[PDB]
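Novice: I am attaching a structure below and will ask some questions about it afterwards.
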Amino acid sequence: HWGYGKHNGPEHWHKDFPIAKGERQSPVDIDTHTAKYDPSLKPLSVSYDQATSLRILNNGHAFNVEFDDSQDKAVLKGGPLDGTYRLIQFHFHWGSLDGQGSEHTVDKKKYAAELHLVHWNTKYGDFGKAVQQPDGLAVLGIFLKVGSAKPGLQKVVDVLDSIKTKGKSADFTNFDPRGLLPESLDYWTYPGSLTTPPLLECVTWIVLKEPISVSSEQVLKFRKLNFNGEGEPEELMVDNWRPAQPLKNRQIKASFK
Ligand SMILES: Cc1cc(=O)[nH]c(SCC(=O)c2ccc(S(N)(=O)=O)cc2)n1
Ligand SMILES: [Zn+2]
């Protein structure tokens, strides 16, 4: 039922998922002047050398590039995290226009898109158990602006016409997510939630300050995907982002300055 239209978009989700109005919802606006530099925060450790991508899936909301997370191969640690979080998938949220699409904002600035690399805390054994814990997930968020192409994104873009509609998947092996990272790992972090239903409050968010640049042609191909299934009226997959939610009783911390 839920999605991103007038009839079933973010402003409706609370009726099936009442935590939509909870105390630690995501995304948020990152007010860079009031984020506190925390000299106790560690460099993030992103260890993606042995990542094993398997498949890419249009799930009707976004596309997910999925990884084999049955061993400790692509892991996030350090930063604000205790313990070791394993990469399970990444996906993006993007707009119908270059001036919107990100979920997080920075001093109210929206970016053209935002990439989420989703990781789960290995102390909980698997992703389905982790989402039921307040420290179950760590999502690394990276902003996309439109400018020069991102060469490490092109393999993803070029497979999208094979997964145009909801429910389609394609083999997607040997994809290296290190090609999607900016140069700096400086970040903001705060406790929050999944940004789509079920909206569970299980995520430590780590949002990088440096955006990556993608070309206008790369994001135009994201906007050619469809939310609908094959044989249904075409609804372009655009504007699949949740707007910023109330910060409430939270403190965003900065790893830098
Ligand atoms: C309990 C449960 C199980 C599941 O398979 N998916 C979900 S929601 C989908 C999901 O895995 C997910 C959703 C949103 C985000 S986000 N947009 O916060 O990074 C990350 C992962 N919830
Ligand atoms: Zn997301």
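Simple scheme: letters A, B, ... for chains in structure tokens order, numbers from 1 for residues in each chain, numbers from 1 for ligands in the order shown.
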Go through stretch 7-51 of chain A residue by residue and, counting only C-alpha atoms, keep those with an atom at most 8 Å from stretch 98-104 of chain A; for each kept residue give the shortest atom pair and its distance in Å to one decimal, ordered by chain and increasing number, as CSV.
Specialist:
```
residue,atom,partner,partner_atom,distance
A:26,CA,A:104,CA,7.9
A:27,CA,A:104,CA,5.1
A:28,CA,A:104,CA,5.4
A:29,CA,A:104,CA,5.7
A:30,CA,A:104,CA,7.1
```
Novice: At a cut-off of 9 Å, can you tabulate as a Markdown table every residue of chain A near ligand 1 together with its closest atom pair and the distance in Å to one decimal, using only C-alpha atoms and all ligand atoms and ordering rows by chain then number?
Specialist:
```
| residue | atom | partner | partner_atom_place_in_ligand_line | distance |
| --- | --- | --- | --- | --- |
| A:26 | CA | ligand 1 | 18 (O) | 7.4 |
| A:27 | CA | ligand 1 | 18 (O) | 8.1 |
| A:88 | CA | ligand 1 | 11 (O) | 8.6 |
| A:89 | CA | ligand 1 | 21 (C) | 7.8 |
| A:90 | CA | ligand 1 | 19 (O) | 7.8 |
| A:91 | CA | ligand 1 | 19 (O) | 7.5 |
| A:92 | CA | ligand 1 | 17 (N) | 7.9 |
| A:93 | CA | ligand 1 | 17 (N) | 7.7 |
| A:103 | CA | ligand 1 | 17 (N) | 8.5 |
| A:115 | CA | ligand 1 | 19 (O) | 8.3 |
| A:116 | CA | ligand 1 | 19 (O) | 5.1 |
| A:117 | CA | ligand 1 | 19 (O) | 6.9 |
| A:118 | CA | ligand 1 | 20 (C) | 5.7 |
| A:119 | CA | ligand 1 | 20 (C) | 8.5 |
| A:127 | CA | ligand 1 | 3 (C) | 7.5 |
| A:128 | CA | ligand 1 | 3 (C) | 5.6 |
| A:129 | CA | ligand 1 | 1 (C) | 8.2 |
| A:130 | CA | ligand 1 | 1 (C) | 8.6 |
| A:131 | CA | ligand 1 | 1 (C) | 5.7 |
| A:132 | CA | ligand 1 | 1 (C) | 7.3 |
| A:137 | CA | ligand 1 | 20 (C) | 8.5 |
| A:138 | CA | ligand 1 | 19 (O) | 8.7 |
| A:139 | CA | ligand 1 | 19 (O) | 5.7 |
| A:140 | CA | ligand 1 | 19 (O) | 8.0 |
| A:141 | CA | ligand 1 | 19 (O) | 7.8 |
| A:192 | CA | ligand 1 | 18 (O) | 8.6 |
| A:193 | CA | ligand 1 | 18 (O) | 6.1 |
| A:194 | CA | ligand 1 | 18 (O) | 3.3 |
| A:195 | CA | ligand 1 | 18 (O) | 4.1 |
| A:196 | CA | ligand 1 | 14 (C) | 5.0 |
| A:197 | CA | ligand 1 | 8 (S) | 5.9 |
| A:198 | CA | ligand 1 | 8 (S) | 5.8 |
| A:199 | CA | ligand 1 | 8 (S) | 7.3 |
| A:200 | CA | ligand 1 | 1 (C) | 7.4 |
| A:203 | CA | ligand 1 | 18 (O) | 7.4 |
| A:205 | CA | ligand 1 | 18 (O) | 8.6 |
| A:241 | CA | ligand 1 | 17 (N) | 8.4 |
| A:242 | CA | ligand 1 | 17 (N) | 8.7 |
```
Novice: Restricting the calculation to only C-alpha atoms, which member of A:45, A:190, A:73, A:152 is positioned closest to residue A:247?
Specialist: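 The shortest atom-to-atom distance to residue A:247 comes from A:190.
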Novice: For residue A:96, find every residue with an atom within 7 Å (counting only C-alpha atoms), except residues of its own chain fewer than 3 positions away, and show them as a list in words.
Specialist: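 The filter keeps residues 223, 238 and 239 of chain A.
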Novice: Give me, as a list in words, the residues of stretch 147-252 of chain A that a backbone DSSP run labels strand (DSSP E or B).
Specialist: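 Those in stretch 147-252 of chain A that DSSP calls strand (DSSP E or B) are residues 169, 170, 171, 187, 188, 189, 190, 191, 192, 203, 204, 205, 206, 207, 208, 212, 213, 214, 226 and 236 of chain A.
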Novice: Just C-alpha atoms for this one: save the residues we selected as a short mmCIF file (atom, residue, chain, number, x, y, z; two decimals), in the first residue's frame.
Specialist:
```cif
data_model
loop_
_atom_site.label_atom_id
_atom_site.label_comp_id
_atom_site.auth_asym_id
_atom_site.auth_seq_id
_atom_site.Cartn_x
_atom_site.Cartn_y
_atom_site.Cartn_z
CA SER A 169 16.05 -8.64 -10.80
CA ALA A 170 19.35 -9.26 -12.63
CA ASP A 171 22.67 -10.94 -11.75
CA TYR A 187 30.86 12.59 8.66
CA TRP A 188 27.92 13.57 10.80
CA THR A 189 26.19 10.92 12.94
CA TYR A 190 22.96 10.67 14.93
CA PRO A 191 20.50 7.97 16.09
CA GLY A 192 17.56 7.48 13.80
CA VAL A 203 19.70 2.91 12.73
CA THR A 204 22.92 4.70 13.63
CA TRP A 205 23.15 7.13 10.70
CA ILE A 206 26.58 8.15 9.41
CA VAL A 207 26.21 10.85 6.69
CA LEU A 208 29.38 11.83 4.80
CA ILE A 212 30.01 12.47 -4.93
CA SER A 213 29.39 13.92 -8.38
CA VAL A 214 27.29 12.03 -10.95
CA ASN A 226 9.31 2.46 -12.95
CA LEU A 236 8.21 6.84 -13.32
#
```
Novice: Based on DSSP run over this structure's backbone, return all residues of stretch 21-246 of chain A in alpha helix (DSSP H), as a PDB file with N, CA, C and O atoms, in the first residue's frame.
Specialist:
```pdb
ATOM      1  N   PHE A 127      20.070  -9.835   9.575  1.00  0.00           N
ATOM      2  CA  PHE A 127      19.413  -8.524   9.407  1.00  0.00           C
ATOM      3  C   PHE A 127      18.022  -8.493  10.039  1.00  0.00           C
ATOM      4  O   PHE A 127      17.614  -7.467  10.634  1.00  0.00           O
ATOM      5  N   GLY A 128      17.220  -9.556   9.849  1.00  0.00           N
ATOM      6  CA  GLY A 128      15.851  -9.488  10.450  1.00  0.00           C
ATOM      7  C   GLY A 128      15.820  -9.351  11.965  1.00  0.00           C
ATOM      8  O   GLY A 128      14.897  -8.706  12.535  1.00  0.00           O
ATOM      9  N   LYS A 129      16.792  -9.932  12.659  1.00  0.00           N
ATOM     10  CA  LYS A 129      16.866  -9.696  14.104  1.00  0.00           C
ATOM     11  C   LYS A 129      17.458  -8.320  14.407  1.00  0.00           C
ATOM     12  O   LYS A 129      17.069  -7.650  15.371  1.00  0.00           O
ATOM     13  N   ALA A 130      18.449  -7.884  13.611  1.00  0.00           N
ATOM     14  CA  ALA A 130      19.027  -6.597  13.872  1.00  0.00           C
ATOM     15  C   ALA A 130      18.072  -5.438  13.805  1.00  0.00           C
ATOM     16  O   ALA A 130      18.198  -4.499  14.596  1.00  0.00           O
ATOM     17  N   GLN A 154      28.755   3.682 -13.300  1.00  0.00           N
ATOM     18  CA  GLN A 154      28.198   3.433 -14.613  1.00  0.00           C
ATOM     19  C   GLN A 154      27.715   1.995 -14.744  1.00  0.00           C
ATOM     20  O   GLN A 154      26.716   1.757 -15.403  1.00  0.00           O
ATOM     21  N   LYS A 155      28.372   1.002 -14.096  1.00  0.00           N
ATOM     22  CA  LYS A 155      27.889  -0.374 -14.206  1.00  0.00           C
ATOM     23  C   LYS A 155      26.470  -0.545 -13.649  1.00  0.00           C
ATOM     24  O   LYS A 155      25.676  -1.333 -14.140  1.00  0.00           O
ATOM     25  N   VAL A 156      26.183   0.246 -12.622  1.00  0.00           N
ATOM     26  CA  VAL A 156      24.859   0.185 -12.049  1.00  0.00           C
ATOM     27  C   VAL A 156      23.880   0.809 -13.070  1.00  0.00           C
ATOM     28  O   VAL A 156      22.833   0.240 -13.400  1.00  0.00           O
ATOM     29  N   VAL A 157      24.210   2.012 -13.565  1.00  0.00           N
ATOM     30  CA  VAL A 157      23.304   2.631 -14.495  1.00  0.00           C
ATOM     31  C   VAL A 157      22.955   1.811 -15.709  1.00  0.00           C
ATOM     32  O   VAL A 157      21.859   1.759 -16.219  1.00  0.00           O
ATOM     33  N   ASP A 158      23.975   1.136 -16.202  1.00  0.00           N
ATOM     34  CA  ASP A 158      23.780   0.384 -17.474  1.00  0.00           C
ATOM     35  C   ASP A 158      22.951  -0.874 -17.339  1.00  0.00           C
ATOM     36  O   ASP A 158      22.476  -1.345 -18.382  1.00  0.00           O
ATOM     37  N   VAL A 159      22.706  -1.387 -16.098  1.00  0.00           N
ATOM     38  CA  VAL A 159      21.893  -2.568 -15.935  1.00  0.00           C
ATOM     39  C   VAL A 159      20.428  -2.191 -15.678  1.00  0.00           C
ATOM     40  O   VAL A 159      19.553  -3.025 -15.694  1.00  0.00           O
ATOM     41  N   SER A 216      24.511  14.289 -15.282  1.00  0.00           N
ATOM     42  CA  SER A 216      23.118  14.425 -15.561  1.00  0.00           C
ATOM     43  C   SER A 216      22.588  13.188 -16.269  1.00  0.00           C
ATOM     44  O   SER A 216      21.514  12.727 -15.873  1.00  0.00           O
ATOM     45  N   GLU A 217      23.356  12.587 -17.206  1.00  0.00           N
ATOM     46  CA  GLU A 217      22.910  11.379 -17.904  1.00  0.00           C
ATOM     47  C   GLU A 217      22.756  10.175 -16.967  1.00  0.00           C
ATOM     48  O   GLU A 217      21.836   9.340 -17.135  1.00  0.00           O
ATOM     49  N   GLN A 218      23.634  10.073 -15.954  1.00  0.00           N
ATOM     50  CA  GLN A 218      23.494   8.941 -14.984  1.00  0.00           C
ATOM     51  C   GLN A 218      22.164   9.110 -14.185  1.00  0.00           C
ATOM     52  O   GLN A 218      21.442   8.143 -14.017  1.00  0.00           O
ATOM     53  N   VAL A 219      21.883  10.316 -13.694  1.00  0.00           N
ATOM     54  CA  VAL A 219      20.651  10.405 -12.891  1.00  0.00           C
ATOM     55  C   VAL A 219      19.401  10.340 -13.773  1.00  0.00           C
ATOM     56  O   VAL A 219      18.369   9.848 -13.313  1.00  0.00           O
ATOM     57  N   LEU A 220      19.502  10.823 -15.041  1.00  0.00           N
ATOM     58  CA  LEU A 220      18.382  10.621 -15.913  1.00  0.00           C
ATOM     59  C   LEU A 220      18.017   9.188 -16.111  1.00  0.00           C
ATOM     60  O   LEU A 220      16.829   8.876 -16.199  1.00  0.00           O
ATOM     61  N   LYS A 221      18.990   8.290 -16.092  1.00  0.00           N
ATOM     62  CA  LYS A 221      18.657   6.866 -16.193  1.00  0.00           C
ATOM     63  C   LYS A 221      18.013   6.353 -14.940  1.00  0.00           C
ATOM     64  O   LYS A 221      17.165   5.496 -15.062  1.00  0.00           O
ATOM     65  N   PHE A 222      18.347   6.851 -13.733  1.00  0.00           N
ATOM     66  CA  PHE A 222      17.571   6.469 -12.566  1.00  0.00           C
ATOM     67  C   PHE A 222      16.101   6.804 -12.759  1.00  0.00           C
ATOM     68  O   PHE A 222      15.202   6.015 -12.399  1.00  0.00           O
TER      69      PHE A 222
END
```
Novice: Let me make sure I understand: among A:245, A:41, A:135, A:150, which one has the smallest atom-to-atom distance to residue A:178 if we use only C-alpha atoms?
Specialist: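 Result for the nearest residue to residue A:178: A:150.
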Novice: Excluding residue A:31 and residues on its chain fewer than 2 positions from it, collect all residues at most 8 Å away from it, counting only C-alpha atoms, and give them as JSON, numbers by chain.
Specialist: {"A": [29, 33, 34, 35, 106, 107, 108]}
Novice: May I have the residues from that selection written out with N, CA and C atoms, as a PDB file, in the first residue's frame?
Specialist:
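The result, stored in result_38.pdb:
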```pdb
ATOM      1  N   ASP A  29      17.176  17.292   8.867  1.00  0.00           N
ATOM      2  CA  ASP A  29      18.028  18.342   8.411  1.00  0.00           C
ATOM      3  C   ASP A  29      19.255  18.404   9.299  1.00  0.00           C
ATOM      4  N   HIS A  33      25.882  24.260  11.750  1.00  0.00           N
ATOM      5  CA  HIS A  33      26.378  25.127  12.852  1.00  0.00           C
ATOM      6  C   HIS A  33      26.099  24.620  14.186  1.00  0.00           C
ATOM      7  N   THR A  34      25.011  23.815  14.385  1.00  0.00           N
ATOM      8  CA  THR A  34      24.746  23.289  15.719  1.00  0.00           C
ATOM      9  C   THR A  34      25.183  21.851  15.943  1.00  0.00           C
ATOM     10  N   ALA A  35      25.650  21.187  14.892  1.00  0.00           N
ATOM     11  CA  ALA A  35      26.229  19.808  15.045  1.00  0.00           C
ATOM     12  C   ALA A  35      27.487  20.057  15.888  1.00  0.00           C
ATOM     13  N   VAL A 106      21.284  19.504   4.234  1.00  0.00           N
ATOM     14  CA  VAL A 106      22.420  20.117   4.978  1.00  0.00           C
ATOM     15  C   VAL A 106      22.147  21.627   4.996  1.00  0.00           C
ATOM     16  N   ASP A 107      21.792  22.160   6.157  1.00  0.00           N
ATOM     17  CA  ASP A 107      21.352  23.557   6.236  1.00  0.00           C
ATOM     18  C   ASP A 107      20.249  23.789   5.196  1.00  0.00           C
ATOM     19  N   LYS A 108      19.318  22.847   5.124  1.00  0.00           N
ATOM     20  CA  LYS A 108      18.125  22.866   4.272  1.00  0.00           C
ATOM     21  C   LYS A 108      18.447  22.605   2.770  1.00  0.00           C
TER      22      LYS A 108
END
```
Novice: Residues near residue A:125, anyone? I mean within 12 Å using only C-alpha atoms, not counting same-chain ones fewer than 5 positions away, as a short mmCIF file (atom, residue, chain, number, x, y, z; two decimals) with C-alpha atoms, in the first residue's frame.
Specialist:
```cif
data_model
loop_
_atom_site.label_atom_id
_atom_site.label_comp_id
_atom_site.auth_asym_id
_atom_site.auth_seq_id
_atom_site.Cartn_x
_atom_site.Cartn_y
_atom_site.Cartn_z
CA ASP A 69 26.44 -11.05 3.97
CA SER A 70 26.85 -14.74 5.12
CA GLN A 71 30.46 -14.01 6.12
CA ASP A 72 32.55 -10.91 7.33
CA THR A 84 31.11 -4.76 13.38
CA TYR A 85 28.40 -4.13 10.84
CA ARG A 86 28.05 -6.12 7.63
CA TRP A 120 23.70 -4.80 10.19
CA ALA A 130 19.03 -6.60 13.87
CA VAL A 131 16.17 -4.29 12.74
CA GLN A 132 14.40 -5.05 16.00
CA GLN A 133 17.29 -3.52 18.05
CA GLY A 136 20.86 -3.00 14.89
CA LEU A 137 21.84 -1.12 11.71
#
```
Novice: When distances are computed from only C-alpha atoms and all ligand atoms, which of A:113, A:180, A:160, A:46 shows the smallest separation from ligand 2?
Specialist: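 That would be A:113, the residue with the smallest distance to ligand 2.
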Novice: Could you tell me which of A:126, A:16, A:49, A:114 comes closest to ligand 2 if we count only C-alpha atoms and all ligand atoms?
Specialist: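 Looking at the shortest contact to ligand 2, the residue is A:114.
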Novice: Near residue A:166, within 7 Å and counting only C-alpha atoms, which residues show up once chain neighbours fewer than 3 positions away are dropped, as a PyMOL selection string?
Specialist: chain A and resi 58-60+226-229
Novice: Have a look at atom CA of residue A:57 and atom CA of residue A:168 and let me know their distance in Å, one decimal.
Specialist: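 The value is 6.0 Å.
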Novice: Report, in Å to a single decimal, how far apart atom CA of residue A:240 and atom CA of residue A:17 are.
Specialist: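 Separating atom CA of residue A:17 from atom CA of residue A:240 is a distance of 17.6 Å.
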